[PDB]
Amino acid sequence: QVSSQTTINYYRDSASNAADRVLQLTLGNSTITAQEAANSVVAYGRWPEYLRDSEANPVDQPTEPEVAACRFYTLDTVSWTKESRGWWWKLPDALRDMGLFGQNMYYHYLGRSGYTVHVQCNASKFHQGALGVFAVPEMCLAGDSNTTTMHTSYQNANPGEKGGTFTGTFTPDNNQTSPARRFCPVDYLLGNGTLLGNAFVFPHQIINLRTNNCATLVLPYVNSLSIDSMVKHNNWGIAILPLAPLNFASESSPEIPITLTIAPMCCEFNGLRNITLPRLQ
Amino acid sequence: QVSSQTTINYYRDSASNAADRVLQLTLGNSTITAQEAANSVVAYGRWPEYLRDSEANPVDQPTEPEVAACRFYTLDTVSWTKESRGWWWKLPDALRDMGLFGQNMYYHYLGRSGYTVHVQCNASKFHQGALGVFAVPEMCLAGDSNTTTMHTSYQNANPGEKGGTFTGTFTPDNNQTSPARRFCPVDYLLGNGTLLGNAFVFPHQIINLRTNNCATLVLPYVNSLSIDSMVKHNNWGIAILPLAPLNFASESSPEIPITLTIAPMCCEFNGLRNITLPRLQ
Amino acid sequence: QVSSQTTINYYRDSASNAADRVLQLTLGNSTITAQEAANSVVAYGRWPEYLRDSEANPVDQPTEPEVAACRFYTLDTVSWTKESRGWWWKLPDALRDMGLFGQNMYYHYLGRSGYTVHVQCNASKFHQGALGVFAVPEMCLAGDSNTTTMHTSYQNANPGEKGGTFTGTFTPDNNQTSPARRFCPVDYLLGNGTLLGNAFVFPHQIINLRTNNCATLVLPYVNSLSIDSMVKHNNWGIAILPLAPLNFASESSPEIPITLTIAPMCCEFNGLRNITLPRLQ
Amino acid sequence: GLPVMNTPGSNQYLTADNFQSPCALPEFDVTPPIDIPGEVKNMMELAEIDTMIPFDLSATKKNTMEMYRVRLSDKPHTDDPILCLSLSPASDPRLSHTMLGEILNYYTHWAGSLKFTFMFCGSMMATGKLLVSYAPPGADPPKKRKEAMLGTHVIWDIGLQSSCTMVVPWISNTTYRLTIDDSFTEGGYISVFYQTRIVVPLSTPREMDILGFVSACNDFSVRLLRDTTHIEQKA
Amino acid sequence: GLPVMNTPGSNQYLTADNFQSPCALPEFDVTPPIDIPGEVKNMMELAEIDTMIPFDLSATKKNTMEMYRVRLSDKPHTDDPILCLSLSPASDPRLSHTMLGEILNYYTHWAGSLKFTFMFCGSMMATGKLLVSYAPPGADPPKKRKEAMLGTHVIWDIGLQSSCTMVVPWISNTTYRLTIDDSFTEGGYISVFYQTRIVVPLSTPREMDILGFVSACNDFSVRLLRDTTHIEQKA
Amino acid sequence: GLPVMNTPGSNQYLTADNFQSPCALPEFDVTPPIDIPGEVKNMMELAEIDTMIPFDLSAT
Amino acid sequence: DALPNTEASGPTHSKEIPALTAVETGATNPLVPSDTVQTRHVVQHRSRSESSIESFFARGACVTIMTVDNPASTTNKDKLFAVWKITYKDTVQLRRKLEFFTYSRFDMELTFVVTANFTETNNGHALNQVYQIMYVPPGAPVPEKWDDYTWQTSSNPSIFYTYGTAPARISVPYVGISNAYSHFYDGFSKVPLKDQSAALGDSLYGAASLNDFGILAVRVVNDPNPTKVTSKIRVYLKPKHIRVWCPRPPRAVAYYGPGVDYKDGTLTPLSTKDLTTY
Amino acid sequence: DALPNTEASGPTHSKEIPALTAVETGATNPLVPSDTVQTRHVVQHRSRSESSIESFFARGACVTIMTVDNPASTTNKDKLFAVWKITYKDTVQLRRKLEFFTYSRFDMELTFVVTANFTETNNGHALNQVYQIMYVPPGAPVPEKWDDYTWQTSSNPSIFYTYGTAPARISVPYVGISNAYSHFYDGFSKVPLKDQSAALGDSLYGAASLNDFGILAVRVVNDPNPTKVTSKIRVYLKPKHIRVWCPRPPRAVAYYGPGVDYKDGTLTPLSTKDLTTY
Ligand SMILES: CCCCCCCCCCCCCCCC(=O)O
Ligand SMILES: CCCCCCCCCCCCCCCC(=O)O
């Protein structure tokens, strides 16, 4: 084969070769409306899809809850005080005690699912601030102990719907007798050790209180595996960090609440058995 | 490929492969006449041309002054006494305080231009001498200090329209406290360190007072770059050296004046901004 | 290329590849007759020819004397006594003071020419002997000093028309103060250091007094160069050696004379200038 | 056998040669690829994603969220630049660690048009105008609005849309620029000034904040891969 | 695998071999070439450009402008040569440093027709005639006009045109000449004489000057590249 | 001869390479194969034959 | 590929206002220079070939240094054969280049460069050594002595490198059990169940057997000489046919172990620079 | 190519007078031998192939000598790795050949020839050494120790040469940022502005980053032996596919540094010769 600028393959094995404001969306029995939402982000431009047999690893017939699990669950609300650094919720670990989705993911061994995350935070025309919502895939976070690595515990690494928080400054877990085994992600490093500024490479939106009060993210199912355990592996992760601090009428104690509404989409399960009863506290 | 006296390329990358007297010329509002000019030299046989988009690096719309800058500016006159070794003017550094061309080159960041240099020197039938005008490209000149290299200053290396002179004999700048950082080009070495005799490889003409009293050189724009800063890089350089000394009626003090008239041709500029105000004295 | 008993050339450069009695002849105004000449030898089977432009190095128009120089010049005569070992004349050095050929070769820088050599020696039916005439190309001869090599002088290596002689036995030039720088060629070694018996490889004839009294040799122009200086390089060389000694009627003092008649043929010259006046004595 | 001749360059390990080598796991069945969302087929695709420029790398703010905020105000109009930065995307301390800068620091040549976006994270009643100017090199850096306008400039209205894009064009004598702070291959300067001061009504915050963003345009390109100085394996 | 047999000449570095080697910068995008005036596609193109012959390499004049001037006069006619030089373009001290000589000193063989031009840098009223003679080697060098004319010669009239060209033809026994002063491959001699003395009217300078020029003709050629002795890296 | 260039990985013995080597018994006549019952053309064919699971690997 | 040509442009007075956008959405502005400036036509020659994934990764990088000695038989100390667990997280440069992206399918090409040196002051003689480099997949027995049965390489592929020849080299296909190498893994290998001992189910965070590729054991085949000879095999890893997915932000602070942890004093990547200073 | 045939000529009596010309113009006389002499027809065989630009430059030339040692571990002195800034201005011959012309686009071919030798009187033993030759483009970190992270060559191309084998060799395309290498540059990299400190803007004359190609770092990979071993890498540079522009006059006096400066006592190139003397 004479290629343009003589390529002959001598080895059978291949490895040996050479080198917009208005929005209303309905999922099941749940409906979401937002008159000042600045469009949606289809993360990586891929809508969630059911597993296709062409790339199907397991054989067992999949149980798709459909309406009973592809609903919008509103996680708890969090106050965005002036001196707040951020929050992070891992998925689907957040939807583990939410309706029938939690039951299905605990009962079934393997499970895949996309998500639709709607972050809601509204302020008056006289408020001043801006949030950034990033859907970090495979979101890891740094530990708190400099004497050990990858030492975080299951209970502390999976807060649930309560979520987690970013700390302004790192603080080693100096306790050498009973280490807390707890995440200590620095806000500007984003926890992973990278920089916040570059974090925009991830699928993201910005809730700028002057322009929009909502942020919609359609997160597909990204994973090295077509289907994987939901109780072990947390595919995505939502991180909400305030790019610019809240401010209002020269008032030093302004608070506004931020809410999340997550809807599993095209969620499929396999491998039914006794129900997982994990230790979380 | 069986080539005449088997050539097979094995590597994708290409680098891996194997191996006449009368003249009258008008530019803008300026006209030049010469009844005894011995034709013109189109240096390297290339007439100046506007930048062609096929080889255009910058994107900004180019400002071509056209008539306002493509005029004949007459630089100061210089006396060709018997004991004078030569002169040298760097371009476009000479046309830096000449009309609107200086303003355009100082205001605009990048600028390209060809030139038309008319050297005028007339003597009686009873005069005896001969000048050689060479348009040295990338004309460098040797420094004056043997203790340092490339130490010349911007102010001294860009005399302006006053030009420079060739010295008969080298003289080191022995001052080690405050070096003059000044060119000291020896006349016969041409400054660069080469020999004068070979200097005819450059585009050149000879003003032989018996035959002709003028020399016209059409210098195109030669440079490694399609367009380059005019305040830093001096593309061409005119060097006038007397091949045979002036002589007249056995008189030991004969003087005649030599004048230069330089006309930028097809001059284009890009990158407008605050005006350069360089330090020159 | 599959050659008979795969030849592929990989290198562009070619060096890198793998591996009869009656005779009468007229030249110009000269005529030669011989009723008992045993035919002629066209040395190497090539008749002398004028230089062909296809292999012409110089550009200058060639001066061909034609009749004025392509004549038969009879060099001096030499007695073939019983105890004589041989003679040798170098060409064209022999025809250096012969008519207009000498003038042309001295005036012109480069010159080429073939020759026609007629060796004449006649004896009665009662005489007994045999000569061998060899036209040695590039005829070199050994020096006389064992303390130095290639030390012969121009004057001694170019005797002229007088010719040279072969010595029976070698004799070193023991004089270390003023070496004679003179040829001392041993007869049986032929001078070059080879053997006489093999000397028949050269173009040759034999003058056997019982059969023939003449020997004709048409010598072409052989040389590494198409045309070469005639005053420096002596192309050919005639060597006459008696294969069998002269004898006559039991007489111990028989002499017969041998004559040479040389005719330049197709002689061409180039590069005219002041006349060479060499030092010869 | 066949006659050969080992040319120079034999029995050497060059770490940039595409030579076939024997497989150590013959017949090894390979897990087929699957359509994973987000396949990147070129590093430039990453350079074209906006990332915040840590503008205020000064004293306290450095290495803290505050470094990403450029603080405006309601002060009376002034010519002093709001912000300034040289267009050295790979060596400028502010642009060095942006995604564009991180990708550049792996290549020694770059040539293209940059895209500086600015977002105004302020109140809805805060209206004003700004001048975002790019001045090529070779002259005094702009220090007043008087000199900045003479170069490329864009007037950003902060009325409703919170963002403004300045496409810094490709002005260069060389066809490429070195990724090292270099005198010959300078990039130029970029500055932000007040054209018309920010005017905020009463009972409204009086200290805005603008966030920068730097990305490559669709004509960008780099070459001559190299190593990066941002990471060191201590000992 | 294939059976081979390393022939002699393997694992050697020959500095004149055209062998393909792996690229150390794969996929490296290359700045396209642009039409730069003055592209030279052969060194002979440089040998064909006239360059002044430093004739008077004597005592004071050597290594000074004066070395390029050949001084004529108004003296009564004489047969003594105005100037003389052997046609050893690569080893003659006068022709060694001319552009033709500089190019030749990188090759050990040369063969062609030379072109000696002379320009008369004198007054307009200075009229006269000169004899420019080339005499091939093998005889006494010319020392009087009597002997020079017998060779090639050209009579130069200095009336109006200031220049005269003598095409020294290619007379050689060998097809090439060595670039070293050699007895066998001599080039010949060139001389300039007064045919008719320079006559200048009154109130006119009485000391002219003629400048030489040496170049190769369109049939010139060289071969067998070598090193030059004109440059030494001291220590 | 032909110009070559020994790439890295030469003069090494990799125990998983299919390279032709000279025969030490040239022209050696080979006993022809015969149809022997039970030719296995893949190791998986052996994995598909039932075999008793030693369940009670306990003590005695 | 020839990048897009920079088309010409001129003065405009329209109301499309492409310059102004809104960053609140997750779509970057596709604005181009022609839109906000008077631009001249320019034929485009630059190509992004050098910056593709292959050209970005088409270079071997050192991933480990394995020390193996041949102690003199005079000294009773046993030979030191090197067992190195296969991973690209021993170094930083290759790790940092890979951790731009989240998933990656790439064939691999490993090159072994060996060097040797005497250690005892006695300038003795050591005949040319032969090194065995054996790959032990996950589960196969790990050699415990330099001269035990496991070195027979009955099924484990192995390379015999004669010191002084061209460095060893071998290619390998994509060996991941999953459909792409997982540079990052947010999860565990066990779930601590509510009805079992705490120790059981306790597994390191972000640790999974997806990156379980076995070990690589290197030994000096030669039996010991009278003079100790040390050697250091360097492994250079080139990804071929590499495809990557889900980009990420490059590491800013120095690594700390296999995870995404960072040390206490390393959290100061950026440098001082006044806001208004060119 | 067959040069023009030397056509024949004869006596003439015309008035064209091609022999006389005027050198005042910048056009050389195209006169040929047939015009001024009676010339005979001559078939022309000579060709100018050997003198073309490629054949004139198709030969590698030494451009540097880099000294790298492997000091004995007995002596505490650290190893000496050689960092050589890439340039052809260390020598003269290649520099002088290139400085005929003003601009040049040429692919390059670099060949490294290594040699070694013991230094201590003790005739000890040193096992075959492996040299690393790493290219550090402009900006990439410069190795400061022989065993620091920078030697991982994660992105910097590098060659591992096993001493005693065929000399190393690699080709490189045209890497100039401009459209042709600038042998000469009349100008500066900064313009001293009238309103700033004198030190700022002060740059060396004729110095620009056009010739900024980074460094080349060579080290001995082997950890130190008991006996010091010195080595000297020689780099031979061959221009391939070379095109040159704007010829110039060759240097006459000995070089002095990178610029066009000449030393005080070197200004006497020519030699004594009387005017009238053959
Ligand atoms: C030592 C000789 C035989 C070696 C056989 C090949 C060794 C490598 C096999 C496993 C490689 C898989 C892991 C590489 C990619 C990664 O970890 O990202
Ligand atoms: C040492 C191993 C890898 C080396 C990679 C190639 C080294 C050369 C790359 C830059 C060359 C550019 C400068 C050469 C031409 C010049 O300066 O005129």
# chains A, B, ... in the order shown; residues from 1 in each chain; ligands from 1

$ select_by_dssp --residues "stretch 57-251 of chain G" --states "strand (DSSP E or B)" --output "PyMOL selection string"
chain G and resi 61-70+80+82-85+101-113+116-118+130-136+158-162+168-172+181-182+193+215-220+229-247

$ residues_near_ligand --ligand "ligand 2" --cutoff "8 Å" --atoms "only C-alpha atoms and all ligand atoms" --output "MDAnalysis selection string"
(chainID D and resid 14) or (chainID E and resid 24:25) or (chainID H and resid 86:88 106:108 110 132:135 137 156:159 170:172 174:176 181 183 211:214 216:218)

$ interface_residues --of "chain B" --to "chain C" --cutoff "10 Å" --atoms "only C-alpha atoms" --output "PDB file with N, CA, C and O atoms, in the first residue's frame"
ATOM      1  N   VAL B   2      11.102   3.769 -10.058  1.00  0.00           N
ATOM      2  CA  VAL B   2      12.409   3.488 -10.645  1.00  0.00           C
ATOM      3  C   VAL B   2      12.855   4.752 -11.374  1.00  0.00           C
ATOM      4  O   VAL B   2      12.417   5.028 -12.492  1.00  0.00           O
ATOM      5  N   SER B   3      13.734   5.519 -10.739  1.00  0.00           N
ATOM      6  CA  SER B   3      14.250   6.747 -11.324  1.00  0.00           C
ATOM      7  C   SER B   3      15.500   6.458 -12.146  1.00  0.00           C
ATOM      8  O   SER B   3      16.222   5.488 -11.899  1.00  0.00           O
ATOM      9  N   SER B   4      15.748   7.315 -13.131  1.00  0.00           N
ATOM     10  CA  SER B   4      16.883   7.144 -14.021  1.00  0.00           C
ATOM     11  C   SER B   4      18.161   7.665 -13.372  1.00  0.00           C
ATOM     12  O   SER B   4      18.135   8.474 -12.441  1.00  0.00           O
ATOM     13  N   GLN B   5      19.292   7.186 -13.882  1.00  0.00           N
ATOM     14  CA  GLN B   5      20.599   7.627 -13.410  1.00  0.00           C
ATOM     15  C   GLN B   5      21.260   8.521 -14.451  1.00  0.00           C
ATOM     16  O   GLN B   5      20.940   8.448 -15.637  1.00  0.00           O
ATOM     17  N   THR B   6      15.698   2.424  -7.724  1.00  0.00           N
ATOM     18  CA  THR B   6      14.454   2.127  -7.026  1.00  0.00           C
ATOM     19  C   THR B   6      14.326   2.997  -5.780  1.00  0.00           C
ATOM     20  O   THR B   6      14.939   2.716  -4.750  1.00  0.00           O
ATOM     21  N   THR B   7      13.521   4.051  -5.881  1.00  0.00           N
ATOM     22  CA  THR B   7      13.341   5.019  -4.800  1.00  0.00           C
ATOM     23  C   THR B   7      11.989   4.756  -4.143  1.00  0.00           C
ATOM     24  O   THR B   7      10.940   5.080  -4.704  1.00  0.00           O
ATOM     25  N   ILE B   8      12.022   4.175  -2.947  1.00  0.00           N
ATOM     26  CA  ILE B   8      10.828   3.880  -2.165  1.00  0.00           C
ATOM     27  C   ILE B   8      10.883   4.706  -0.888  1.00  0.00           C
ATOM     28  O   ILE B   8      11.904   4.717  -0.192  1.00  0.00           O
TER      29      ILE B   8
END

$ interface_residues --of "chain D" --to "chain F" --cutoff "12 Å" --atoms "only C-alpha atoms" --output "ChimeraX atom specification"
/D:1-28

$ residues_around --residues "residue C:26" --least-positions-apart "6" --cutoff "9 Å" --atoms "only C-alpha atoms" --output "list in words"
residues 32, 33, 71 and 72 of chain C

$ write_last_selection --atoms "C-alpha atoms" --output "PDB file, in the first residue's frame"
ATOM      1  CA  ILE C  32      58.426   8.003 -50.810  1.00  0.00           C
ATOM      2  CA  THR C  33      59.017   4.835 -52.838  1.00  0.00           C
ATOM      3  CA  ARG C  71      55.555  16.430 -45.268  1.00  0.00           C
ATOM      4  CA  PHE C  72      58.210  13.730 -45.022  1.00  0.00           C
TER       5      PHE C  72
END

$ interface_residues --of "chain H" --to "chain B" --cutoff "6 Å" --atoms "only C-alpha atoms" --output "PyMOL selection string"
chain H and resi 24-26+107+171-173+178-180+185-188+192-194+204-205+240+249+251-252+259-261+263

$ write_last_selection --atoms "C-alpha atoms" --output "PDB file, in the first residue's frame"
ATOM      1  CA  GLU H  24      27.505  51.494 -15.110  1.00  0.00           C
ATOM      2  CA  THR H  25      24.212  49.642 -15.430  1.00  0.00           C
ATOM      3  CA  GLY H  26      23.672  46.664 -13.150  1.00  0.00           C
ATOM      4  CA  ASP H 107      15.042  20.322   6.093  1.00  0.00           C
ATOM      5  CA  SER H 171      15.611  14.048  10.152  1.00  0.00           C
ATOM      6  CA  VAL H 172      13.621  17.204  10.883  1.00  0.00           C
ATOM      7  CA  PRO H 173      11.409  19.358   8.622  1.00  0.00           C
ATOM      8  CA  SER H 178       9.046  32.661   9.505  1.00  0.00           C
ATOM      9  CA  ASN H 179       8.922  31.524   5.881  1.00  0.00           C
ATOM     10  CA  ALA H 180      12.714  31.102   5.689  1.00  0.00           C
ATOM     11  CA  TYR H 185      18.777  40.135  10.770  1.00  0.00           C
ATOM     12  CA  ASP H 186      19.295  43.909  10.695  1.00  0.00           C
ATOM     13  CA  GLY H 187      17.221  45.112  13.619  1.00  0.00           C
ATOM     14  CA  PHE H 188      16.276  44.442  17.216  1.00  0.00           C
ATOM     15  CA  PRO H 192      13.555  51.614  23.146  1.00  0.00           C
ATOM     16  CA  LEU H 193      10.539  53.818  23.780  1.00  0.00           C
ATOM     17  CA  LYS H 194      11.048  57.457  24.709  1.00  0.00           C
ATOM     18  CA  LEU H 204      21.384  43.012  21.273  1.00  0.00           C
ATOM     19  CA  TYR H 205      21.721  44.220  17.697  1.00  0.00           C
ATOM     20  CA  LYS H 240      18.256  18.445   2.743  1.00  0.00           C
ATOM     21  CA  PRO H 249      29.626  37.864  -0.537  1.00  0.00           C
ATOM     22  CA  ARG H 251      33.105  36.028   4.667  1.00  0.00           C
ATOM     23  CA  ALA H 252      36.706  37.146   4.144  1.00  0.00           C
ATOM     24  CA  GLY H 259      27.157  38.673  14.780  1.00  0.00           C
ATOM     25  CA  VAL H 260      28.958  40.173  11.815  1.00  0.00           C
ATOM     26  CA  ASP H 261      31.698  41.638  14.023  1.00  0.00           C
ATOM     27  CA  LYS H 263      38.323  41.393  15.655  1.00  0.00           C
TER      28      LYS H 263
END

$ residues_around --residues "stretch 114-123 of chain B" --least-positions-apart "5" --cutoff "7 Å" --atoms "only C-alpha atoms" --output "list in words"
residues 48, 209, 213, 214, 215, 216, 217, 218, 219, 220, 221, 257, 258, 259, 260, 261, 262, 263, 264, 265, 266 and 267 of chain B

$ interface_residues --of "chain G" --to "chain H" --cutoff "10 Å" --atoms "only C-alpha atoms" --output "number ranges by chain"
G: 56-64, 91-97, 113-128, 163-167, 229-232, 234, 236-238

$ atom_distance --atom1 "atom CA of residue D:181" --atom2 "atom CA of residue G:29"
28.1 Å

$ closest_residue --among "G:143, G:30, G:138, G:257" --to "chain D" --atoms "only C-alpha atoms"
G:30

$ residues_around --residues "stretch 170-176 of chain E" --least-positions-apart "3" --cutoff "8 Å" --atoms "only C-alpha atoms" --output "PyMOL selection string"
(chain C and resi 57-60+110+225-229+270-271) or (chain E and resi 109-114+136+185+187)

$ interface_residues --of "chain G" --to "chain E" --cutoff "8 Å" --atoms "only C-alpha atoms" --output "compact mmCIF listing (two decimals) with N, CA and C atoms, in the first residue's frame"
# COMPACT_ATOMS: atom_id res chain seq x y z
N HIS G 45 -3.08 27.99 5.00
CA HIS G 45 -2.21 26.84 4.85
C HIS G 45 -2.05 26.03 6.12
N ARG G 46 -2.24 26.64 7.29
CA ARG G 46 -2.00 25.95 8.54
C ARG G 46 -2.95 24.77 8.71
N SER G 47 -2.43 23.69 9.29
CA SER G 47 -3.21 22.49 9.54
C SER G 47 -3.00 22.04 10.98
N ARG G 48 -4.01 21.39 11.54
CA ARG G 48 -3.99 20.93 12.92
C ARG G 48 -3.48 19.50 13.06
N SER G 49 -2.74 19.00 12.07
CA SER G 49 -2.32 17.60 12.10
C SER G 49 -1.42 17.31 13.30
N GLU G 50 -0.47 18.20 13.59
CA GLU G 50 0.46 17.96 14.68
C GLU G 50 -0.25 17.86 16.03
N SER G 55 -0.73 12.37 17.25
CA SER G 55 0.49 13.17 17.26
C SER G 55 0.77 13.74 18.64

$ closest_residue --among "G:233, G:168, G:191, G:136" --to "chain F" --atoms "only C-alpha atoms"
G:168
